[PDB]
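Below is one structure, written out as structure tokens; the observations come after it.
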Amino acid sequence: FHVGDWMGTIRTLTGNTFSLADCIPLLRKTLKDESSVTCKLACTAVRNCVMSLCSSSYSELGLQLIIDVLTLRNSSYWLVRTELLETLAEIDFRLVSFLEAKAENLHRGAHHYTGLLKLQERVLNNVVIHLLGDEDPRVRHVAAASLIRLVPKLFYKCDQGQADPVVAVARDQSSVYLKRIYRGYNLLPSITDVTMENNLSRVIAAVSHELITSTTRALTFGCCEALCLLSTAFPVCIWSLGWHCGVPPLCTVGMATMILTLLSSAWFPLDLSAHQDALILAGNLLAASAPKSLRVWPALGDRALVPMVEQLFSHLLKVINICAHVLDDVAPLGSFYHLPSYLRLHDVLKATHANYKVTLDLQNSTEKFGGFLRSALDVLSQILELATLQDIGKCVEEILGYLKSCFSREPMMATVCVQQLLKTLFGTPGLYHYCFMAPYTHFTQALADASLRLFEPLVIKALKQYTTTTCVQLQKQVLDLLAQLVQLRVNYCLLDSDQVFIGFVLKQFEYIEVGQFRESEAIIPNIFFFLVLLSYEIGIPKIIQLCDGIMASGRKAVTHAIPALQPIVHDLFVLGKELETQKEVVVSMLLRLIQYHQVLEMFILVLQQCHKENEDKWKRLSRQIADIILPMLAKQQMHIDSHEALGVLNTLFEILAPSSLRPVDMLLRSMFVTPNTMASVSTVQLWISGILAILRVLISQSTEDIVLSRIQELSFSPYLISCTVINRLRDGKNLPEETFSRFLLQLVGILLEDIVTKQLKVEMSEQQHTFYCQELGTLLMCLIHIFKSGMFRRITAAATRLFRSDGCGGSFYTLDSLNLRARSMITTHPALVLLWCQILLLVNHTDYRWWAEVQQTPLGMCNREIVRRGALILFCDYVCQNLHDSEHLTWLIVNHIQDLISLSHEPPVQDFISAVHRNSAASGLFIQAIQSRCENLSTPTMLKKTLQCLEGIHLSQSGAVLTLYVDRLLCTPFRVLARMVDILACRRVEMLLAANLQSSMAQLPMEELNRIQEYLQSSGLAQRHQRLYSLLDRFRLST
Amino acid sequence: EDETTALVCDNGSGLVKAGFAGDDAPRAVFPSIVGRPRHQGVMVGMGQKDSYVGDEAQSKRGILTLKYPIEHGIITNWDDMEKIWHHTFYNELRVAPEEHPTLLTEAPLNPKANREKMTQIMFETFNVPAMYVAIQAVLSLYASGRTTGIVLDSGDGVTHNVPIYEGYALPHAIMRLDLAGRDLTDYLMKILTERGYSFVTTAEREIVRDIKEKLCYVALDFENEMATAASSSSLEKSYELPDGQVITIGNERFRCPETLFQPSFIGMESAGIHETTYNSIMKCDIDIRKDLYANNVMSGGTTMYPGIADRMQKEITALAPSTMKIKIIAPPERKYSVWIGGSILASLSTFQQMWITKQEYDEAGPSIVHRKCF
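Residue numbers (the working numbering), protein chains in the order written: chain R, 1 to 1039; chain C, 10001 to 10374.
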């Protein structure tokens, strides 16, 4: 985003004069072009181009192209309107609200408008919800998927988290760079983001309003399609405080009373393109009451909720009653004969079934009967969980007849209707918090813990299908129907004479090893759960010979071999002499497979049982995997490529026994290693994950004293990875204080010559760039724990003689070379240039060359104000700790005045000011600065933060706060800013006269007192504020 | 956010004045009325709406019977008061009371049950972190920016009088006088009847309230102005009704506020408002009386009439020692002085520890109002 510096290098090389000021008015014009084919191609040009400007220095011109696409919302070519909304889905409307506050001429723009330029309420009420009410079935579907992409990106004003638009952009870029009941509902305490529940409750406010106050057929019809795609990405049970509107007034039943009145009308179900999306959304809103209500329909326990469930269970047995009389040509509790409202629903399921049986096309997702029969067996399932035996006991006759006819069309979710019935027939925050102080303290808290039978006709039909089908979505739901007939002890009479079904599961292991099987991935976790659970009644000797074939003789591990053992290990280690021999067999196989990070989740299960069963056996097994993995981490055979992969390996060294990690002979030879070649970002990325996860052990599991006595014996030279050694790989008396401090400051130097000087799509991926800038995020959390916690005494003093020192003739990454890389990290990665601000303070390096670029000491780029206001909250907290140095007090107050006041709701700059009130000479310099900056302290939010900082100052400087309270700030037209500077000026006069009359007269001069009262009589200010004028007349006459 | 703002509501009878603490003027000011459809409606697709609250009731007046829920500083009907506060918070201010501490004003010498039930509703109806109930007269004194004075508070609810000296307060010298704006309205519609204009119902009772809010004034001498009512010229004023009927009111106009200085006209023995001020000042200690005479503060809605300040000055100067000068300080803006006094109080930093917390209520119950606050 350095459009300043990069354009200088080209112009002296190729002498063209072509800036980007001469191309955006060439792109603003083709959006206004005549032909509707010319307008489809110019709005894909803004999909690429307005996420890069709006966070750049040209973001004055970047906001204007957001404005013009909004006029393109009502052109009559159906491909012109759907490539608009994709360039209004990829907008980050928390970064867009930040530029509005900075604008003064852009709010006016053309024709000199007055008011605010409200992009967000105009792009959300008048495009995205508005384009739901379009006539095309093509335009209504694409507008729903944007409200899945808009809700994490809104920033409505004044939440109880993010306050400013400055603090809003800083929290979406710190999560990136600093780290069986049915599917409907939840029973957890459900930890949730408080401010992400607020953006999802304003998008379900304006969406239930064009469904009730709408006057068209087309607004009611395509806004039941936009509520079914929220609840499959933002479910109701997890985000219930967003969905809540009214019902039970407190775990919610949100908005489900309107939508039942849509279905009970005789108009709305007569078209299957959006009657199938109003059934998946009425089952999500009666299931979020399940964590509350459950203690006719005796398990509901809330009589204001029973007519909502009586209706859908009456509505879903009359729609499996019209799908049973259609799949079988039969003439027309659940009964649709006598209703004339549901004889209209029998002519609509018979138009979509004459086109399937006549036109052969098997692989269609959208069929509108095959799409409609999928919708009304998914939601007959989710209600039976709320039901009991007593409510269903008159209906087990009913629902089983319909499915025998409803079996052949869609058997994949007609056993999901059968899997559930048998359960319930058998009972069953101000930019210092976000960037540093909230992620810094999840770091140090996990280190102290590191110091620690009507089914008998229907069941026989489902087994003939598994031997003869080929779609592997259907083969997965039939291996869960048989793991429930063995837990709920149905006797093994499904195969009355022979062993027909169990012989067929053995043959399928022949097709996976060779590879003559198409979709073995989605069946191999559920093939092996069925087999181990039968042996408690094929025995566990025979089960483990089948799994050994797949691994060594077959496909790769992360699909076949590693999901093969998740059923075995959980069902063998968790749940006499025969059981001892089989546990030795399973632990040997994983040692061949330690390399994968999914195999390291299975082995956290193994170490927690030995601490419970037998603590003599617990310490033998943590020594055997100590000398396997640490030879792998030096030769980089361990797949730690993911941030799912570094999370599994750090909960391992807590649970591994500390006797196996107590000699530091092994952890250091695995640490101080050089990889083979660091040319490729496959190989650069696995060497810097071996250094971050054995360094979580040398901080918790062993203190500072033990580590440095060893390196005096082991000759680990600090020229290990030096600037002569690092250069040939990319192309291809030392203290123990001195050896370990050159290794952690030149590994900050490897991660920062890449992210600046590597291309973004050429050498690395983007999934490989989520985890390359995230290994620089947890290695700067390891360096501010050593310098602050004080347990590491020797390592703090070693860096201070090095950042002050030059490199050894250029053989190291010297401290002026390392800091040029970081100021071009300002703009691409602004959350990680706040962690490099807190290291340079901590070493005694307060060098005013680098601290002026980051604070700009004498529209805007949106990604620098996180760092400019982030390095001034961190530069005060270094001043507040050691306030004895007066050289740093007089710099930050004289220069940064409009920034020092406007941060005063923050815990590190709230403490900077109280010490100034403590100090005699430091209080007098703060008041000379406001008199120069009274021209900017006139806006109504900037003046409320001065009076809380000019509230209590030193009593020796209360004579300069009373000439500022009268001359400058009292003449404001705000009548609660003229009323609150009457509380603070009458209070200076009262503490002074009970004080000494000697020191106060030299404070407020007798010649200076007569200047003040001439200002109040020619004006009306004395006669307005009576309490201020009474106190100053008694001052003179005693003196 | 810092300090959380705070909310302030004045409910004397007649008007809710409400807004944020920390501002010079309230956002919402509306009549404290609950107006119910007395006539059964016959259409389809009306309302229904059981009742209308606020200036909605003023707009749809003729259908409604209007009930003031506060009489004489006393809430007559609690559900009607809750509805009025529900209207303030949700209809006008658009706040969740959970997010704001709420200041209520309340009148002197008022039944304990109003303060205790008022707190009970604030905690157990609109869930709120904290609240305070404060005396009306002290808030007006704060708004006037003076540390000392005798505050003559007269709303539409009741008239009150609180002498204050250097802060402090004198409980024995506090006087409450049952006269109000509302009693002047009932007198006024009674004195219009001798002219032939008969206003019999609640809807046009608020029409004579509007008449009295502008046409009425106080005589600088009653008998002199009643004598010059023989030659009617300037003392008559034409008034337009919303019906399109014209009303012409002569001497009847200024003898309605005269009732404050002559409660023998209403038929009550209770002394006129200037003698009540003497009754309060006489109950005070001898020493302070000098500044109480010179620092009389008028507050409330029924001190708005033109010439009240001059009449009070002439009568108090006539009764008192002419040894000392009787200044009366009656600001314009005096109508909103209680709300402004509540704005300044909740903006005070020290006051942020004297709130009745929700926690302290949950432990120690509704009775703690009187224990902590005045």
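The beta carbon of each residue, even a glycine, is placed where N, CA and C say it ideally should be.
Contact belief for residue i with residue j at Cβ below 8 Å, rounded distance in angstroms
i                : j                : result
residue 1015(R)  : residue 967(R)   : 7 Å
residue 10012(C) : residue 10073(C) : 7 Å
residue 80(R)    : residue 39(R)    : 5 Å
residue 293(R)   : residue 300(R)   : 6 Å
residue 1009(R)  : residue 988(R)   : Actually they do not touch by this definition, with Cβ atoms about 13 Å apart.
residue 10137(C) : residue 10111(C) : Residue 10137(C) to residue 10111(C), Cβ: 17 Å. No contact.
residue 349(R)   : residue 336(R)   : Between residue 336(R) and residue 349(R) the Cβ distance is about 11 Å, and since that is not below 8 Å, they are no contact.
residue 10207(C) : residue 10241(C) : 6 Å
residue 479(R)   : residue 527(R)   : 6 Å
Identity of the residues DSSP links to residue i by a beta bridge
i                : result
residue 332(R)   : According to DSSP, residue 332(R) bridges with nothing at all.
residue 10030(C) : 10016(C)
residue 10154(C) : 10159(C)
residue 10329(C) : 10297(C)
residue 10067(C) : 10034(C)
residue 10149(C) : 10164(C)
residue 10132(C) : 10103(C)
residue 10010(C) : 10017(C)
residue 10053(C) : 10034(C)
residue 10246(C) : 10240(C)
residue 9991(C)  : A query on residue 9991(C) cannot be resolved here, the shown segment of chain C reaching from 10001 to 10374 and no further.
residue 10357(C) : 10130(C)
residue 10074(C) : 10071(C)
Residues near residue i by beta carbon distance below 8 Å, same chain, minus five either side
i                : result
residue 10060(C) : 10035, 10052
residue 394(R)   : 333
residue 588(R)   : none
residue 784(R)   : 440, 835, 838, 839, 842
Beta-carbon proximity list for residue i, same chain, < 6 Å, skipping 5 on both sides
i                : result
residue 525(R)   : 563
residue 107(R)   : 117
residue 274(R)   : 221, 224, 225
residue 970(R)   : 981
residue 509(R)   : 546
residue 10265(C) : 10259
residue 363(R)   : none
residue 10018(C) : 10009, 10026, 10028, 10088
residue 10344(C) : 10142
residue 201(R)   : 242
Own chain, CB closer than 7 Å to residue i, minus 5 neighbours either side, in chain order
i                : result
residue 10184(C) : 10212, 10256, 10257, 10259, 10302
**OP:** Pull out every residue of the segment 1003–1030 of chain R whose Cβ sits closer than 8 Å to any Cβ of chain C, in chain order.
**Re:** Per Cβ criterion, the list reads 1025, 1026, 1027.
Subject >> Chain-ordered residues of the segment 980–993 of chain R with a beta carbon less than 8 Å from chain C >> reply: Within the segment 980–993 of chain R, the residues whose Cβ lies closer than 8 Å to some Cβ of chain C are 980, 982, 983, listed in chain order.
**OP:** Output, in sequence order along the chain, the residues in the segment 153–179 of chain R whose CB is closer than 9 Å to any CB in chain C.
**Re:** Within the segment 153–179 of chain R, the residues whose Cβ lies closer than 9 Å to some Cβ of chain C are 158, 160, 163, listed in chain order.
Subject >> Complete alpha helix (DSSP H) runs within the segment 509–590 of chain R (minimum length 4 residues, chain order) >> reply: Within the segment 509–590 of chain R, the runs of alpha helix (DSSP H) that reach at least 4 residues and sit entirely inside it are, in chain order, 510–513, 524–532, 540–552, 566–569, 577–581, 583–590.
Subject >> Where the segment 902–914 of chain R meets chain C: residues whose CB sits under 7 Å from a CB there >> reply: So the list reads 905, given in the order they occur along the chain.
**OP:** Please list the segments of the beta strand (DSSP E) lying wholly inside the segment 869–894 of chain R, counting only runs of 3 or more residues, in order along the chain.
**Re:** Taking only runs of at least 3 residues, no beta strand (DSSP E) segment lies wholly in the segment 869–894 of chain R.
**OP:** With 9 Å as the C-beta to C-beta threshold (strictly closer), list the residues of the segment 10335–10349 of chain C near chain R in chain order.
**Re:** Those residues of the segment 10335–10349 of chain C that come within reach of chain R (Cβ to Cβ, closer than 9 Å) are 10340, 10343, 10344, 10347, 10348, 10349.
**OP:** With a floor of 4 residues, list each alpha helix (DSSP H) that falls wholly inside the segment 682–770 of chain R, ordered by position along the chain.
**Re:** As far as the segment 682–770 of chain R is concerned, its whole alpha helix (DSSP H) runs of at least 4 residues are 697–700, 704–708, 727–731, 736–739, 752–755, 767–770.
Subject >> alpha helix (DSSP H) segments (min. 4 residues) lying fully within the segment 10187–10230 of chain C >> reply: Runs of the alpha helix (DSSP H) inside the segment 10187–10230 of chain C: 10202–10214, 10222–10228.
**OP:** Report the residues of the segment 960–978 of chain R with a CB closer than 9 Å to any CB of chain C, ordered along the chain.
**Re:** Listed by position along the chain: 974, 975, 976, 977, 978.
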